[PDB]
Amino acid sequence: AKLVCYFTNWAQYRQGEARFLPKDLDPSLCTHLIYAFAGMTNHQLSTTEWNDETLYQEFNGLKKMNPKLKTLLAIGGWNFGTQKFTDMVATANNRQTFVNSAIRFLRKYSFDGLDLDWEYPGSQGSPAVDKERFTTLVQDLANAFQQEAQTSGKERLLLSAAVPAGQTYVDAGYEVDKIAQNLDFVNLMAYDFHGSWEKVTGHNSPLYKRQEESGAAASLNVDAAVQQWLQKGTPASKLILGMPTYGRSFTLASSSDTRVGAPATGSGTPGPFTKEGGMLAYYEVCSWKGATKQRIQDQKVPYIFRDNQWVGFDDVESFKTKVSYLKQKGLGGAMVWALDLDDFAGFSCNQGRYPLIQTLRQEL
């Protein structure tokens, strides 16, 4: 099975124990490491942080310690937006410029493949026609990677894509049955199902629906998302189940009402290290003193609350449950967002280094 793990190039900027550098990478933890993120300049693949080239060398250098390890470079991400992708896929010339640049860039820095993380074609500023233009882009890259392997004799560059769980975004931008045949694997973002953008508490990544949920709400869970991508044409072996090593926080309207679905007034307090209201790294919620932890019985995931702070997150137990689930569904493996949000240095959770991701490795 695959264990696909994302490295983020801005984690190097966090303070103290939270700072993450390639030195914190374990060469044998995951089977595939994906570097987030690359961007584009003049329709050509490019770096996004001033020291990326140095980090690329260290990142791909891990393969000297573990020869079976494969690496990929992810292009995009949420902050990257949609305009640059829309402009690049708009014409055959721009798609060609990008595809040729990608092969050269990936080979130059010794990456084994490309992960497309456009968020998202057909929505958020990207017009409807981008659904079919994304299909064309995926075909262009697949065609090119196959050809380069044939002409160069080198192992073919891999092509994956990180995709949304939300039906609206899936329907707006992805011809699932078409792109799945060209992608080597599909990194399903089976998280962000609920968050501070909603008016009530809800879990970031529940495995199943709550008894009370029906209609559209009943699709806001991992199982529904997996069933959707499989039903729409993704071979199970290619579907990689995304797992979050972070939780989503809320400020409760009343500390006296803490259930799942309780009124919320906005994002929870920013974490001391991640400094982003609405989310907390696993190492930021695993050691709360004076907090109350409960498990959502039908959803198979935990949440914790203290005073007017409430956070839905994943622990070792929910990760074990989710791996049992993906195996029963015959999925290709697990994906994790992200290395730097698990307790990678083992400084907070009293569970050693990489408690959550090591659980995935052992269970897989």
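Numbering starts at 1 and runs along the sequence shown.
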Which is higher on mean Cα B factor in this entry, 254-262 or 70-78?
254-262
Residue stretch of maximal mean CA temperature factor, 283-291 vs 226-234
283-291
Highest Cα B-factor in the PDB entry belongs to which of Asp192, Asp140, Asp115, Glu212?
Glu212
Looking at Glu155, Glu148, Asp184, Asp87, which has the highest CA B-factor as recorded?
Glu155
Place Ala165 in the lowest, middle or highest third of its chain's C-alpha B-factors, as listed in the PDB entry.
middle
Relative to the other modelled residues in the chain, which third contains the C-alpha temperature factor of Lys131: lowest, middle or highest?
lowest
Just say lowest, middle or highest third for the CA B-factor of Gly39 relative to the other modelled residues in its chain.
lowest
Against its chain's modelled residues, does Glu276's Cα B factor rank lowest, middle or highest third?
highest
Which third, lowest, middle or highest, does the CA B-factor of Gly333 fall in along this chain?
lowest
